[PDB]
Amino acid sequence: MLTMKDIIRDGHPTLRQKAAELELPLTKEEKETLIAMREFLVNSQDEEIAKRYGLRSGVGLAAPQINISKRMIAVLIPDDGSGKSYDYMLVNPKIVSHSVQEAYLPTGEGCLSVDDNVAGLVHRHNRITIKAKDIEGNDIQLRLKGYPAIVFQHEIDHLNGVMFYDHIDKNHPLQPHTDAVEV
(Lines of atoms letter the chains of each structure in order from A and count residues from 1; the text may use other names and numbers.)
(Lines give C-alpha, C1' and ligand atoms only; values in the text may rest on other atoms or scores of the structure.)
Protein backbone atom coordinates (compact mmCIF):
# COMPACT_ATOMS: atom_id res chain seq x y z
CA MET A 1 0.00 0.00 0.00
CA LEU A 2 1.32 3.41 -0.96
CA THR A 3 0.82 6.14 1.64
CA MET A 4 1.95 9.73 2.10
CA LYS A 5 5.42 8.52 3.08
CA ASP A 6 5.93 7.35 -0.48
CA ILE A 7 5.19 10.73 -2.02
CA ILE A 8 8.23 12.89 -2.50
CA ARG A 9 8.00 16.55 -1.70
CA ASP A 10 8.73 19.75 -3.50
CA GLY A 11 12.51 20.26 -3.57
CA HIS A 12 13.18 16.62 -4.33
CA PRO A 13 15.21 16.62 -7.62
CA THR A 14 13.15 13.74 -9.20
CA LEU A 15 10.19 16.20 -9.50
CA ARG A 16 12.20 18.42 -11.84
CA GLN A 17 13.58 15.73 -14.16
CA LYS A 18 12.13 14.67 -17.45
CA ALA A 19 10.63 11.25 -17.01
CA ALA A 20 11.65 8.41 -19.32
CA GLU A 21 9.48 6.83 -21.95
CA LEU A 22 8.29 3.32 -21.14
CA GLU A 23 9.08 0.38 -23.32
CA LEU A 24 6.10 -1.82 -24.10
CA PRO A 25 5.25 -4.35 -22.89
CA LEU A 26 5.53 -3.12 -19.30
CA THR A 27 7.37 -5.28 -16.82
CA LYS A 28 5.40 -6.95 -14.12
CA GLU A 29 6.93 -4.53 -11.69
CA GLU A 30 5.90 -1.49 -13.82
CA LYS A 31 2.31 -2.90 -13.92
CA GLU A 32 2.29 -3.28 -10.18
CA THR A 33 3.53 0.25 -9.71
CA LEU A 34 0.79 1.70 -11.88
CA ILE A 35 -1.89 -0.39 -10.23
CA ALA A 36 -0.60 0.80 -6.83
CA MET A 37 -0.73 4.41 -7.94
CA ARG A 38 -4.39 4.02 -8.88
CA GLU A 39 -5.00 2.10 -5.58
CA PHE A 40 -3.53 5.10 -3.69
CA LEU A 41 -6.10 7.33 -5.25
CA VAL A 42 -8.94 4.93 -4.47
CA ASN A 43 -7.72 4.88 -0.84
CA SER A 44 -7.25 8.58 -0.66
CA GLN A 45 -10.86 9.18 -1.64
CA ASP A 46 -12.36 6.62 0.80
CA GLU A 47 -13.05 8.59 3.94
CA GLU A 48 -12.43 5.79 6.48
CA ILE A 49 -9.20 4.50 4.78
CA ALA A 50 -7.81 7.99 4.22
CA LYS A 51 -8.40 8.86 7.88
CA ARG A 52 -6.85 5.53 9.11
CA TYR A 53 -3.70 5.98 6.97
CA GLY A 54 -3.46 9.72 7.06
CA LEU A 55 -4.02 10.27 3.29
CA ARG A 56 -4.64 13.56 1.51
CA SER A 57 -7.42 13.10 -1.14
CA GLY A 58 -6.15 13.19 -4.75
CA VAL A 59 -7.56 12.69 -8.21
CA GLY A 60 -4.27 12.12 -10.08
CA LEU A 61 -0.77 10.76 -9.45
CA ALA A 62 2.28 10.70 -11.67
CA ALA A 63 5.18 8.21 -11.23
CA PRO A 64 7.79 10.91 -10.47
CA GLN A 65 5.77 11.75 -7.39
CA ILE A 66 6.73 8.35 -5.92
CA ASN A 67 10.32 8.79 -7.12
CA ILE A 68 9.95 6.74 -10.27
CA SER A 69 11.13 8.85 -13.23
CA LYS A 70 8.92 7.09 -15.85
CA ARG A 71 6.07 8.39 -18.00
CA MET A 72 3.06 6.76 -16.28
CA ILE A 73 0.07 8.45 -14.64
CA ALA A 74 -3.17 7.47 -12.86
CA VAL A 75 -6.25 9.63 -12.83
CA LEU A 76 -9.36 8.88 -10.77
CA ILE A 77 -12.13 11.46 -10.88
CA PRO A 78 -15.41 10.35 -9.39
CA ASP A 79 -18.81 11.14 -10.83
CA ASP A 80 -19.64 14.79 -10.05
CA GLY A 81 -23.40 14.20 -10.67
CA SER A 82 -23.16 14.23 -14.53
CA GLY A 83 -22.61 10.47 -14.79
CA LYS A 84 -19.08 11.38 -16.15
CA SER A 85 -16.23 9.78 -14.25
CA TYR A 86 -12.61 9.10 -15.24
CA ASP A 87 -10.54 6.09 -14.20
CA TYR A 88 -7.42 5.74 -16.33
CA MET A 89 -3.93 4.36 -15.93
CA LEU A 90 -1.91 5.70 -18.82
CA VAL A 91 1.58 4.88 -20.20
CA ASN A 92 3.50 7.34 -22.36
CA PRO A 93 0.60 9.89 -22.48
CA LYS A 94 1.03 12.74 -24.95
CA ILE A 95 -1.16 15.76 -25.73
CA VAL A 96 -1.44 15.68 -29.53
CA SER A 97 -3.87 18.61 -29.91
CA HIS A 98 -5.61 21.22 -27.78
CA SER A 99 -7.89 24.25 -27.77
CA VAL A 100 -6.59 27.78 -27.94
CA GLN A 101 -9.20 28.67 -25.30
CA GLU A 102 -7.99 28.38 -21.69
CA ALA A 103 -9.68 27.01 -18.51
CA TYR A 104 -8.86 27.44 -14.79
CA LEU A 105 -10.07 26.23 -11.40
CA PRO A 106 -11.17 29.39 -9.56
CA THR A 107 -9.32 28.53 -6.31
CA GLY A 108 -6.12 27.41 -8.07
CA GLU A 109 -4.61 23.97 -7.68
CA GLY A 110 -3.02 21.74 -5.05
CA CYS A 111 -0.58 18.84 -5.20
CA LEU A 112 0.21 16.04 -2.81
CA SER A 113 3.95 16.83 -3.20
CA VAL A 114 3.46 20.42 -2.10
CA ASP A 115 2.68 20.61 1.62
CA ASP A 116 1.65 24.27 1.67
CA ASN A 117 -1.04 25.86 -0.52
CA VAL A 118 0.04 28.33 -3.19
CA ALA A 119 -2.42 30.91 -4.25
CA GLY A 120 -3.09 31.80 -7.91
CA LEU A 121 -4.88 30.68 -11.08
CA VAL A 122 -3.37 27.93 -13.20
CA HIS A 123 -4.50 28.55 -16.79
CA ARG A 124 -4.49 25.36 -18.90
CA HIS A 125 -6.16 24.39 -22.17
CA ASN A 126 -9.96 23.89 -21.94
CA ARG A 127 -9.86 21.03 -24.38
CA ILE A 128 -7.17 18.46 -25.08
CA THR A 129 -6.70 15.23 -27.06
CA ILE A 130 -4.32 12.65 -25.55
CA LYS A 131 -2.83 9.57 -27.20
CA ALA A 132 -1.47 6.98 -24.75
CA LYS A 133 -1.09 3.28 -24.07
CA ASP A 134 -2.92 1.38 -21.37
CA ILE A 135 -1.28 -1.06 -18.90
CA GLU A 136 -1.53 -3.83 -21.47
CA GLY A 137 -0.02 -1.80 -24.26
CA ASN A 138 -3.30 -1.21 -26.11
CA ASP A 139 -4.00 2.18 -27.65
CA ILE A 140 -6.16 4.89 -25.94
CA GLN A 141 -7.12 8.26 -27.35
CA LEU A 142 -9.00 10.63 -24.99
CA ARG A 143 -10.93 13.75 -25.75
CA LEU A 144 -11.22 15.85 -22.62
CA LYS A 145 -12.75 19.09 -21.56
CA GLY A 146 -12.84 21.28 -18.51
CA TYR A 147 -12.00 19.71 -15.07
CA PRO A 148 -10.68 16.35 -16.47
CA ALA A 149 -8.60 18.21 -19.09
CA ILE A 150 -7.07 20.23 -16.20
CA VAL A 151 -6.30 17.17 -14.15
CA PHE A 152 -4.63 15.35 -17.02
CA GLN A 153 -2.53 18.43 -17.93
CA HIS A 154 -1.39 18.68 -14.28
CA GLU A 155 -0.36 15.00 -14.24
CA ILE A 156 1.41 15.17 -17.64
CA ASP A 157 3.24 18.34 -16.47
CA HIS A 158 4.88 16.21 -13.68
CA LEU A 159 6.42 14.02 -16.49
CA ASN A 160 8.20 17.08 -17.88
CA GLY A 161 9.36 18.31 -14.54
CA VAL A 162 6.76 21.15 -14.35
CA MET A 163 4.84 22.01 -11.20
CA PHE A 164 1.50 23.77 -11.03
CA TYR A 165 2.88 26.90 -9.46
CA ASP A 166 5.18 27.38 -12.38
CA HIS A 167 2.11 28.61 -14.23
CA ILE A 168 1.10 31.28 -11.66
CA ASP A 169 1.45 34.95 -12.67
CA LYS A 170 3.55 36.47 -9.83
CA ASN A 171 2.21 40.05 -10.54
CA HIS A 172 -1.50 39.26 -10.93
CA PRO A 173 -1.93 35.73 -9.56
CA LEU A 174 -5.69 35.90 -9.31
CA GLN A 175 -6.45 37.71 -12.58
CA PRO A 176 -8.29 35.45 -15.12
CA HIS A 177 -7.19 35.54 -18.63
CA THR A 178 -9.67 37.08 -21.04
CA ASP A 179 -12.13 34.41 -22.43
CA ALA A 180 -10.75 31.69 -20.16
CA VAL A 181 -13.35 29.27 -18.90
CA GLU A 182 -13.94 29.17 -15.14
CA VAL A 183 -14.31 25.50 -14.29
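A residue's number is simply how far along the shown sequence it sits, counting from 1.
The stretch 80 to 88 shows the higher mean C-alpha B-factor when 80 to 88 is compared against 96 to 104 in the entry. Look at the C-alpha B-factors of 110 to 118 and of 149 to 157. On average they run higher in 110 to 118. Ranking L34, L144, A132, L55 by the C-alpha B-factor listed in the PDB entry places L55 at the top. In this PDB entry, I168 carries a Cα temperature factor that places it within the highest third of its chain's modelled residues. In the PDB entry, a CA B factor belonging to the highest third of its chain's modelled residues is recorded for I49. Among the modelled residues of the chain, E29 sits in the highest third by CA temperature factor in this PDB entry. Per-chain ranking of the deposited C-alpha B factor places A19 in the lowest third.
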